[PDB]
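Structure first, commentary second.
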Amino acid sequence: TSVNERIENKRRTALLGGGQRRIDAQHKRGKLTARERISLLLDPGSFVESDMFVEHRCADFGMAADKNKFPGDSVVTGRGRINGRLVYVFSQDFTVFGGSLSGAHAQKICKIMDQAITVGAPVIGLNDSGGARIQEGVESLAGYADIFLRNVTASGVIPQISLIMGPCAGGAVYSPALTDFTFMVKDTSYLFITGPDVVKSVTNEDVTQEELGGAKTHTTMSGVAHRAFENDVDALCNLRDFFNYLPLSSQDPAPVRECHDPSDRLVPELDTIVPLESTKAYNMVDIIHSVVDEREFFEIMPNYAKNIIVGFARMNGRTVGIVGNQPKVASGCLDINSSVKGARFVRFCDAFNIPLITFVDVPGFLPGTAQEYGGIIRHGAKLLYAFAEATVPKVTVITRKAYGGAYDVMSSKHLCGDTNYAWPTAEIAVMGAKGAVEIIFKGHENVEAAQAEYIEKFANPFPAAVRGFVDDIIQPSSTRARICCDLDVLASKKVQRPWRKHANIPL
Amino acid sequence: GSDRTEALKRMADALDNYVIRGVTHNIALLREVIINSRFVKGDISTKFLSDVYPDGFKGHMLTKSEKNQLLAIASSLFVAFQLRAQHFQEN
Ligand SMILES: CCC(=O)SCCNC(=O)CCNC(=O)[C@H](O)C(C)(C)COP(=O)(O)OP(=O)(O)OC[C@H]1O[C@@H](n2cnc3c(N)ncnc32)[C@H](O)[C@@H]1OP(=O)(O)O
Ligand SMILES: *C(=O)CCCC[C@@H]1SC[C@@H]2NC(=O)N[C@@H]21
């Protein structure tokens, strides 16, 4: 046997991975293999595989059986491009030892993590694992620690995207907590530390695999997964589209792409969206879609914390991040869940030089013991902090309500904002007329007459605007034009801040 | 228009260049009736639509050449977006 024959035989096995029968089962279950997923994700022919001939070196529990050797050791690693842009990937292969993590497994992932940080290219992981490989013991625990160290080091340096394409258990479930976005596949992917078998054995509770850690739970209730997609093919198609929004590294400006949508057009549809009656809700998404280039908007966590909307869009070709209230849900109030999603999004966009647009319509915070005992104070500070420390352009437009401390939390001008616009329907006050007048004229006669005078003078955006809180009051139809003008001149903005080893977020 | 065919052709063009979005409209019905062979010839009675659409309105039916044009347009537009997606300012 020549060396070339041995090489060819290893190449053929590396492509089969766990073997054809395992691959057959992989398809029966409605899943693609790790290599098929990469072929879909990356530009055709752009993928270059690294370390395809690496095998484990572990010899306990008869693991040294040649029948227990598999080239690639359960991960496919390499580099490629999406639409001409460099990206690093890795994908875990469930058909080889259940996708469990070995020492060598982690080493290969770390290698990719180090090359991407050095050059400044994003890393996209496709995760699917049964947890640690118990046959090696403590070697796999060091594997996790090294991966975690790279994921922390890369934070704020390169984007880190993690798409879950199957179950994930043990220590593996923490890597999506360190990356920037986590995506899942409905009814296929899971995230949990221990399985239902442990829950039943430890405590008298009955739960199944979907209820404990299914995609629907994490995208609707726990707030862990940013979005779930119907199947593997649609998940990767949307991932390519998402990729096109982000810079390659934090040293780069927000990408600018060819755009055919005139930057100076008006949107007459905005003038009548906001009702004159204060108790009538409207859909904030109608405003967002009409302003953004070609009416394309990428919504994050559509089913979690619906009272606040965050997502990506482009204006005049440039990627921007959008944050705003949704008056339809809980009157547009802030609560614990909305502050968590908001602060996380704002901080990512600031780290990677993506401008922020804020659409404010917030009457205050969600009252009640459910929020008080939940630490609403500690959690609300997260969104205020995320805006106050931002150094990227911030353009705020107030569409209607801004009462109380929520005015400042939703990126008010006095938090180093660049511009602040009000629509004619905006009203900025410490509280509404009823509270303010009954407190001011407490115990006085003819309070209702005093309230009429108070409403005429203060129930409008003018007592704030004349003091410098608002830069202009614009016809809503011109909102897009005004924002476009600001974005194209604030893009060269640079500011300094006192040196600090690191930031200290309230947590 | 100056004649019966000019006014009908111009109507067909106006309907395809008439943008209504946000509600459900009846342009599909108007665009097919005006091009119906009985309408162009004039064999129209007050119960015309009830005999043409005895089972309800189904939408415009494509022939062989029209399906090829629709497939070619949809495929070329798909690629046009795929090519635009690759044109970045050079970093
Ligand atoms: C907390 C400590 C950490 O850091 S992670 C600790 C690791 N412990 C685990 O996750 C337990 C492993 N199993 C589970 O968690 C769940 O039951 C899983 C496997 C995720 C449910 O997936 P399910 O679709 O039922 O797969 P399965 O159990 O049929 O396994 C598929 C094939 O893979 C294998 N496999 C699985 N896990 C391991 C592992 N840790 N080490 C070695 N092999 C593993 C299974 O034996 C199975 O192979 P086969 O089908 O029996 O030929
Ligand atoms: C009705 O008259 C009173 C409504 C309750 C007050 C509301 S609830 C949400 C806003 N936040 C706040 O502190 N007060 C407002």
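To find a chain, count down the sequence lines: A is the first, B the second, and so on, and within it residues start at 1. The figures that follow rest on heavy atoms only: side chains count, while hydrogens, waters and symmetry mates do not. First listed ligand is number 1; within each ligand, the first listed atom is number 1.
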Legend entry - For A390(A) against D350(A), the heavy-atom pair lying closest together: CA-OD1, 3.1 Å
Legend entry - For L163(A), the option from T179(A), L41(A), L126(A) that meets side chain to side chain contact (heavy atoms under 4.5 Å, CB included): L126(A)
Legend entry - For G364(A), atoms of ligand 2 separated by under 4.0 Å from a heavy atom: 10 (C), 11 (N)
Legend entry - Short N or O distance, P167(A) and ligand 1, threshold 3.5 Å exclusive: no
Inset, instruction - Run the salt-bridge test on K111(A) and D114(A) with the 4.0 Å N-O cut-off and return the result as yes or no. - result: no
Legend entry - Electrostatic pair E49(A)-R35(A), nearest N-O below 4.0 angstrom: yes
Inset, instruction - Could you tell me if any non-hydrogen atom of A132(A) lies under 4.0 Å from any atom of ligand 1? - result: yes
Legend entry - Closest approach of any protein heavy atom to atom 50 (O) of ligand 1, naming residue and atom: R22(A) NH2, 3.8 Å
Legend entry - Protein contact to atom 11 (C) of ligand 1 [nearest heavy atom, distance to 0.1 Å]: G130(A) O, 3.6 Å
Inset, instruction - Please determine if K31(A) forms a cation-pi arrangement with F94(A), meaning its NZ or CZ atom is less than 6.0 Å from the six-membered ring centre and no more than 45° off the ring axis. - result: yes
Inset, instruction - Considering only non-hydrogen protein atoms, determine which one is nearest to atom 25 (O) of ligand 1 and report residue, atom name and distance to 0.1 Å. - result: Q209(A) OE1, 4.8 Å
Inset, instruction - For atom 4 (O) of ligand 1, decide whether some protein heavy-atom distance is shorter than 4.0 Å. - result: yes
Legend entry - Those atoms of ligand 2 less than 4.0 Å from some heavy atom in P367(A): 8 (S)
Inset, instruction - Let me see the working for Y454(A) and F441(A) under ring-ring contact (aromatic ring centres under 6.0 Å, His included), right down to the final yes or no. - result: CA-CA 11 Å; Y454(A) 180 96; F441(A) 301 92; 8.0 Å; no
Legend entry - For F94(A), the ligand 1 atoms whose distance to one of its heavy atoms is below 4.0 Å: 26 (O), 31 (C)
Inset, instruction - Note the single closest protein heavy atom to atom 35 (N) of ligand 1, along with its residue, its atom name and the distance in Å. - result: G98(A) CA, 3.9 Å
Legend entry - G170(A) neighbourhood, listing ligand 1 atoms whose heavy-atom distance to it stays under 4.0 Å: 1 (C), 2 (C), 3 (C), 4 (O), 5 (S), 6 (C)
Legend entry - ligand 2 versus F365(A): contacting region, heavy-atom distance under 4.0 Å: backbone
Inset, instruction - Report yes if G171(A) has an N/O atom closer than 3.5 Å to an N/O atom of ligand 1; otherwise report no. - result: yes
Inset, instruction - Might you check, step by step, whether the distance between atom 14 (N) of ligand 2 and some protein heavy atom is under 4.0 Å? - result: no
Legend entry - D73(A) and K108(A) ion-paired at < 4.0 Å: no
Legend entry - Under-4.0 Å protein heavy-atom contact, atom 46 (O) of ligand 1: no
Legend entry - atom 9 (C) of ligand 1 protein-contacted (non-hydrogen atom, under 4.0 angstrom): yes
Legend entry - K442(A)/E438(A) ion pair, N-O < 4.0 Å: no
Legend entry - Non-hydrogen protein atom less than 4.0 angstrom from atom 17 (O) of ligand 1: no
Legend entry - Flag for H105(A)-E136(A): side-chain donor and acceptor within less than 3.5 Å: no
Inset, instruction - Look at ligand 1 and say whether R29(A) reaches it with a heavy atom at a distance under 4.0 Å. - result: yes
Inset, instruction - Would you confirm whether any non-hydrogen atom of the protein falls under 4.0 Å from atom 1 (C) of ligand 1? - result: yes
Inset, instruction - Answer yes if a protein heavy atom lies under 4.0 Å from atom 23 (P) of ligand 1, otherwise answer no. - result: no
Legend entry - Partners meeting side chain to side chain contact (heavy atoms under 4.5 Å, CB included) with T399(A) (sequence neighbours left out): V274(A), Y282(A), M284(A), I287(A), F359(A), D361(A), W423(A)
Inset, instruction - Side-chain contact test, heavy atoms from C-beta onward, threshold under 4.5 Å: evaluate it for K401(A) versus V362(A) and give yes or no. - result: no
Inset, instruction - Would you check if there is a donor-acceptor pair between the side chains of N9(A) and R12(A) at a distance under 3.5 Å? - result: yes
Legend entry - Rounded distance (nearest 0.5 Å) linking atom CG of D128(A) with atom OG1 of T33(A): 11.5 Å
Inset, instruction - Would you verify that at least one protein heavy atom lies under 4.0 Å from atom 28 (O) of ligand 1, or report that none does? - result: no
Legend entry - Residue and atom name of the nearest protein heavy atom (relative to atom 38 (C) of ligand 1), distance in Å to one decimal: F97(A) O, 4.3 Å
Inset, instruction - Ignoring angles and geometry beyond distance, decide whether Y144(A) reaches within less than 3.5 Å of ligand 1 through its nitrogen or oxygen atoms. - result: no
Legend entry - Side chains of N127(A) and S162(A), donor plus acceptor under 3.5 Å: yes
Legend entry - For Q135(A), the ligand 1 atoms whose distance to one of its heavy atoms is below 4.0 Å: 42 (C)
Legend entry - Separation between CG of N420(A) and OH of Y407(A), rounded to the nearest 0.5 Å: 5.0 Å
Legend entry - Contact check, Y190(A) vs ligand 1, heavy-atom distance below 4.0 Å: no
Inset, instruction - Inspect the contact between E427(A) and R400(A) and indicate whether a charged nitrogen and a carboxylate oxygen are less than 4.0 angstrom apart. - result: no
Legend entry - Sub-4.0 Å protein heavy atom near atom 4 (C) of ligand 2: no
Legend entry - Atoms in ligand 2 with a heavy atom of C333(A) nearer than 4.0 Å: 9 (C)
Legend entry - Atom indices of ligand 1 within 4.0 angstrom of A169(A) heavy atoms, with elements: 5 (S), 10 (O), 15 (O)
Legend entry - Check ion pair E389(A)-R347(A) (N to O, under 4.0 angstrom): yes
Legend entry - Contact bool for atom 42 (C) of ligand 1 (protein heavy atom, d < 4.0 Å): yes
